[PDB]
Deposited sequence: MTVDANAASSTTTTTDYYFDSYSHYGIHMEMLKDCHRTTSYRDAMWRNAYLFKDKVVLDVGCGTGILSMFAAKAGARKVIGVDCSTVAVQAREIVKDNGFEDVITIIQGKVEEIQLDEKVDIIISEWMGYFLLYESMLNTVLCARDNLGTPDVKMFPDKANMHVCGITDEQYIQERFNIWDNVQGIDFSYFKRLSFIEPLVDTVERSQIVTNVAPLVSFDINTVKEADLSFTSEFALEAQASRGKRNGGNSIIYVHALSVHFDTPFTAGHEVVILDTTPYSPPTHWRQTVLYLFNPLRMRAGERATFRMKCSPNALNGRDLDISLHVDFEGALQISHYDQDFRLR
């Protein structure tokens, strides 16, 4: 309900790549919207509903359980879409519509793609509100991972707790490893190939599939190569249309407001160019808190400089 404040909506709208990705996904495939019913799951200020209307949609339904719906309804009216866009204030799970919707647009992605994400809501809408062939915008979500060197934050965010005014706060250091960091990873930090973490087809994925296992390998590239953390990013291709548009949060692109998610390894990997390290990651919703993420990470690395096979856990809360 913090979306009733203007700061978050401004941040998202000033995220040019994000908003233009949705816009161009619809406008480069406007033929897909002619005479169609569009559901904007979490319409916020209404921006995506208006992109859909401007793309040629017959009817757009922006739903948002925040008070921003009020402002959205007014914005929709101020630009002449009053008779095309309808703004409902309420939860998408607790609302019912006249027709089944042909297209579902939504910026459901959270940090790490799934933390505090509305994906469960979008899937609920897809199943209960969407036609059997309802088209998803985006309809694909791919998470990728790569190793990074981060001497700066290892010294300023972890080792800083070793001594604080002559007191040992090592316990704070150990607790820092549990919580991933949402921040921007610079290209210069990537010391590893980007490997596929996991892929979801939003047309077919089920909530149970979001609790995923992934086995990926990371190869050191370009003389001691330190993998201090794993940078996790995602992209959401809009493959529903003839022209493919891809929203990308990769560090190789300018930062979005999702930036990147950094899982700091309890034991950094000391690799050399060409050596490979295997990883097994399990992500699942937190048992007690539904919207928190438990991440289990198995690191198996054997190289000329280190041999480490350990299990580490993270909790995004």
- Which bits of the deposited sequence have no atoms placed for their C-alpha? 1 to 19, 242 to 250
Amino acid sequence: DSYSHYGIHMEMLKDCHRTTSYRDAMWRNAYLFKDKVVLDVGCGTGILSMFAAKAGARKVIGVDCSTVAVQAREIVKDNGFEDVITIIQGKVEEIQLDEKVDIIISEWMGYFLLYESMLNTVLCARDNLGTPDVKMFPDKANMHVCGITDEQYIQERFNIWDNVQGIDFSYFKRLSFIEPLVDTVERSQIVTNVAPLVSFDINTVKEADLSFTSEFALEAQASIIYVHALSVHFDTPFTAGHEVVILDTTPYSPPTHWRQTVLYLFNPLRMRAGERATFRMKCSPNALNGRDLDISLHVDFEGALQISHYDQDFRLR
From here on, numbers count along this sequence of modelled residues.
- Task: Return whichever of 106 to 114 and 242 to 250 has the greater mean Cα B factor according to the PDB record.
- Result: 106 to 114
- Query: So which stretch wins on mean C-alpha B-factor, 141 to 149 or 89 to 97?
  - Reply: 89 to 97
- Which of these has the highest Cα B-factor in the record: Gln260, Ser284, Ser49, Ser66? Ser284
- Query: Highest Cα B-factor in the PDB entry belongs to which of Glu74, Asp183, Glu186, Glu215?
  - Reply: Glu215
- Query: For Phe33, does the deposited CA B-factor place it in the lowest, middle or highest third of the chain?
  - Reply: middle
- Message: Please place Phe172 in the lowest, middle or highest third of its chain according to the CA B-factor in the PDB entry.
- Response: middle
- Note on the structure: By the entry's values, the third containing the CA B factor of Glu207 is the middle
- What third of the chain, by the recorded C-alpha B-factor, contains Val191? middle
- What third of its chain's C-alpha B-factors does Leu293 belong to: lowest, middle or highest? highest
